[PDB]
């Protein structure tokens, strides 16, 4: 067995891992990247890229059926499932190819093929062929799909993101479990593509939305289009000869048996930290067996072992994994010099229609920091997109936007939005939060006409008029003497 010494070993050649490698190489030449599976990152392979590709097809198909409002009729929209799948697959391959070329450009001696596990706090074994002794180690192993036990009975008809995009044809029908980002994006897209869909979640959850009014509005809006029970009681999902039989109670509590060609487990993903031999370290774990970590430095309780990307089960977003990589890589490279990452303002997006964006502090974080049981030093500004001019012009007038502000200073804290162009409004808001703008300042910014951003102006005015600050600092337009 070959033994190698490195300053930095990075387990996982995904987004976080490749970011960690580039960062760590600026501090030290002695960095290895280990990869047990296919190169290309989860994002380009079976993540962001194919899912967005699926969505683009779905929205082209769906919007073609919604032109009558405008005075146009479209006859026989027909979904060629083989074509839909082929396009997704070929574009997906193209994206993966770019990552593979980057991986290929790295020094051959810096890449080791195989699955790593810890033997002790400085020794990794990769398969049965190599041992790496590393001064510092970065766990960048991502997440995998995961599902409750009952879903396992769907057998060979159980889909995840790992196999959904490899189908040669679109399915006839899919039962989707998991009411979060992936589950709603994929269920809606499939439903828009002529697939018979129902989406079941259990806890009342809708995407990552925290506000109760928002969750209910979104759930009801989705149900105008396809079946979505955020509080479903599901008995079983059992593979038959040609289908999966799903036994569940509907919204009227009526027991229902219904066959679906497939089930999709868009349930909670699992961080890849359970199969890496952590029990051979003193890494402290929470009551769910997730590694505890410093959220600024990415250090576990073992100060020379870091955890980055989906592996730390936090900020499980692509751009965040990339930032995690920079933090873990720099800190692994420069150790024992340790710095804290200055995180970008939180930005989270769901590519449904209408879209969801969450920006800045979440509602729970705001309640924690700006309120208690009996008093609040924050206010909420709101707008409905139903009566918003441009949204109505486009026939997209559905949605709600909540904006949160410090009640004393007017500092913009965060937001939730379910509505059109939420992805873009999310950026606008996220840049405003990172700059620590106040709502009064943001009201002085440009708002064109007629645009969706004007809905944001409405929500900001709503918040502003609730602030403890003087009436006469409520100028939306500044004049100087």
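Positions refer to the first chain, counted from 1.
S.K.: Highest mean C-alpha temperature factor of the two stretches 21 to 29 and 464 to 472, which is it?
M.R.: Per the PDB record, 464 to 472.
S.K.: Report the stretch with the higher mean CA temperature factor, choosing between 249 to 257 and 320 to 328 on the basis of the entry.
M.R.: The entry gives the higher C-alpha B-factor average to 249 to 257.
S.K.: For the listed 189, 207, 393, 345, which has the peak Cα B-factor recorded in the PDB entry?
M.R.: Spelled out: the listed residue with the top C-alpha B-factor is 207.
S.K.: Using the temperature factors of the C-alpha atoms in this entry, rank residue 450 within its chain: lowest, middle or highest third.
M.R.: Lowest third.
S.K.: With respect to C-alpha B-factor, does residue 297 fall in the lowest, middle or highest third of the chain as deposited?
M.R.: For residue 297, the deposited C-alpha B-factor lands in the middle third.
S.K.: In terms of the chain's CA B-factor thirds, is residue 55 lowest, middle or highest?
M.R.: According to the entry, residue 55 has a C-alpha B-factor in the chain's lowest third.
S.K.: Sort the modelled residues of this chain by their C-alpha B factor and say whether residue 228 lands in the lowest, middle or highest third.
M.R.: Ranked within chain, residue 228 CA B lands in the highest tercile.
S.K.: When the deposited Cα B-factors of this chain's modelled residues are ordered and cut into thirds, is residue 419 in the lowest, the middle or the highest one?
M.R.: As the PDB entry reports it, the C-alpha B-factor of residue 419 lands in the lowest third of its chain.
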